[PDB]
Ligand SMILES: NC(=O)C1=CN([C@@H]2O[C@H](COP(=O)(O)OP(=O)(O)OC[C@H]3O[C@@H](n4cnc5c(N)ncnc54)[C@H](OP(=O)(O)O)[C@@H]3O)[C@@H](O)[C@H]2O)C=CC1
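Form solved without the named molecule, single chain, as structure tokens, below.
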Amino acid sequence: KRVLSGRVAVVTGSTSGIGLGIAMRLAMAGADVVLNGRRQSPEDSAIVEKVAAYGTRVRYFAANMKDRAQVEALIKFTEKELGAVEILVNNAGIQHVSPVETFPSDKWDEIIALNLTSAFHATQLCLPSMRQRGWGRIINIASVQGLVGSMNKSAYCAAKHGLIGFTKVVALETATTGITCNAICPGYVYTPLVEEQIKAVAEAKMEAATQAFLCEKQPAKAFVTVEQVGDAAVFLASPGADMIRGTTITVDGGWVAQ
């Protein structure tokens, strides 16, 4: 009765923030969904129940996406529990703000690893089944920072730019098939991290801390929501997007337009 009914989706890093919002919107559109976090937590059962309110099959699998063997374990688990992975959402929020000169090498490596190389490993693992089955959606959660630069975000802008380049190549290698690969580029979203960071900067520096943060970059002077990012994923996963290939859906309140 719904546009993604019966489709099996995996959303990496979906226990909070944008990834959870995407999982919620895919389930709301009918998809069965595998949630993923780095480690098991007491809250995980509650998060499953939240997504399960949309009446589809929901599962949870703990896996560190920097470890190729655990990425493989996540795909195999999905195949055992639900069937083939049909919709792969490569989502990874890790950020670190620092000028280039003092940017820690281990943080640089981790941002590249999780935001770019983990998407390669998961895509590599999922493509053979998608080709056999004649259908697939690979949806890479990039950023405005994949299209433009911002100060003190060198690793993140590099990784997100790279994820957009990767998206184009996967789409070209699958262009004659029922598999598409595209990227979503959000602007500022009010994530759990951001709500803590603004509340902390307001108590030290409220609606005025929020306005200063948004006004520099985001002409709408409002946040993008996790539901809006999820709605872009649902659109890319739908039949109307059968010929949307290798492109970006930018949800940013005007950031890249100026």
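By rigid core we mean the largest C-alpha set that fits within 1.5 Å across both forms. Residue indices: 1-based, along the sequence shown.
**Student:** Counting only residues that lack coordinates, how big is the gap in the deposited sequence between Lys205 and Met206? Pick none, 1 to 3, 4 to 9 or 10 or more.
**Tutor:** Some 4 to 9 residues are missing between them.
**Student:** Can you tell me which stretch has the higher mean Cα B-factor, 221-229 or 41-49?
**Tutor:** Stretch with the higher mean C-alpha B-factor: 41-49.
**Student:** Going by the average Cα B-factor in the PDB entry, point out whether 94-102 or 145-153 comes out higher.
**Tutor:** Stretch with the greater average CA B-factor: 94-102.
**Student:** Of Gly83, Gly162, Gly134, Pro186, which one's C-alpha B factor is largest in the deposited record?
**Tutor:** If I rank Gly83, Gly162, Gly134, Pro186 by C-alpha B-factor, first place goes to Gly83.
**Student:** How does the C-alpha B factor of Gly13 compare with the rest of the chain: lowest, middle or highest third?
**Tutor:** Its C-alpha B-factor, which the entry lists for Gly13, ranks in the highest third among residues of this chain.
**Student:** What third of the chain, by the recorded C-alpha B-factor, contains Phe77?
**Tutor:** Highest third - that is where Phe77 ends up once the chain's C-alpha B-factors are sorted.
**Student:** Test of reading the entry: by CA B factor among the chain's modelled residues, which third contains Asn140?
**Tutor:** Lowest third of the chain for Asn140's C-alpha B-factor.
**Student:** Just say lowest, middle or highest third for the CA B-factor of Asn115 relative to the other modelled residues in its chain.
**Tutor:** For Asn115, the deposited C-alpha B-factor lands in the highest third.
**Student:** Rank-wise, by C-alpha B-factor, drop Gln124 into the lowest, middle or highest third of its chain.
**Tutor:** Its C-alpha B-factor, which the entry lists for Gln124, ranks in the highest third among residues of this chain.
Another form exists, deposited with the named molecule bound; not displayed. Remarks below refer to it.
**Student:** Answer for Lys66 alone: is it within 4.5 Å of the named molecule in the deposited bound form, judged on heavy atom distances?
**Tutor:** So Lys66 counts as contacting the named molecule.
**Student:** Quick check on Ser238: any heavy atom within 4.5 Å of the named molecule in the deposited bound form?
**Tutor:** Judged by the heavy-atom cut-off of 4.5 Å, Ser238 is well away from the named molecule in the deposited bound form.
**Student:** Does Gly55 make contact with the named molecule in the deposited bound form, using a 4.5 Å heavy atom cut-off?
**Tutor:** The answer is no: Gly55 has no heavy atom within 4.5 Å of the named molecule.
**Student:** Within 4.5 Å, heavy atoms only: does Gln228 come near the named molecule in the deposited bound form?
**Tutor:** Answer no; every heavy atom of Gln228 is more than 4.5 Å from the named molecule in the deposited bound form.
**Student:** Could you check which residue among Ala222, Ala212, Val201, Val194 gets a heavy atom within 4.5 Å of the named molecule in the deposited bound form?
**Tutor:** It is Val194 that has a heavy atom within 4.5 Å of the partner.
**Student:** Given that the named molecule is left out here, which of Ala158, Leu147, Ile75, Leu114 has a heavy atom within 4.5 Å of it in the deposited bound form?
**Tutor:** That would be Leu114.
**Student:** If contact means any heavy atom within 4.5 Å, which of 78-86, 91-99, 166-174, 120-128 contacts the named molecule in the deposited bound form?
**Tutor:** It is the stretch 91-99.
**Student:** Does anything in 1-27 come within 4.5 Å of the named molecule in the deposited bound form by heavy atoms, and if so which residues, in order?
**Tutor:** Sequence-ordered list: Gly13, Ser14, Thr15, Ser16, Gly17, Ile18, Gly19.
**Student:** After the core is superposed, which of these residues, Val189, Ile198, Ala232, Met28, moves its CA 2 Å or more between the shown form and the other one?
**Tutor:** Only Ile198 moves by 2 Å or more at its C-alpha.
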